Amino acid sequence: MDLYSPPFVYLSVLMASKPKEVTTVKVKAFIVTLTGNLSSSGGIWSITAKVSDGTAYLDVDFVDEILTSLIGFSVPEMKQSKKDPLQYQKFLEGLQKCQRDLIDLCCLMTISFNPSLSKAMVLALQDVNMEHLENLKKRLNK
């Protein structure tokens, strides 16, 4: 099994391939646990987690862009919202939506795997579609 085989590959297969360099793969995964709080340090959002695809556990960080899109607010927008109660109330709403979305997250994750640090960055999230179903049928020779 190829690391480019659609619709997704497996972490256990990635690790067994013993990659020397940082490697992009797409896996279907959920968050087993978060491993830190949401952080805005550095001027950007980050949060660490352990995900599983059913074949392995993987420490990951999520990119700012993903967390901005779940919350509805960038770090600058969050800071600006502290300047006005009505806007800050909207950020709190966005934060609850994000917390919930991380709890329920189960999707295709494009991840950048650093084999030296045994961890990865999640670059993008994608929901499954009928093409994914068709690719899985084709891979199972059906």
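Throughout, we count residues from 1 along the sequence that is shown.
Per-stretch averaging of Cα B factors for 91 to 99 and 107 to 115 places 107 to 115 on top. Relative to one another, 16 to 24 and 123 to 131 have unequal mean CA B-factors, and 16 to 24 is the one with the higher figure.
Annotation for residue 74: CA B-factor lies in the lowest third of the chain's modelled residues. Looking at the C-alpha B-factors along this chain, the one for residue 41 belongs to the highest third.
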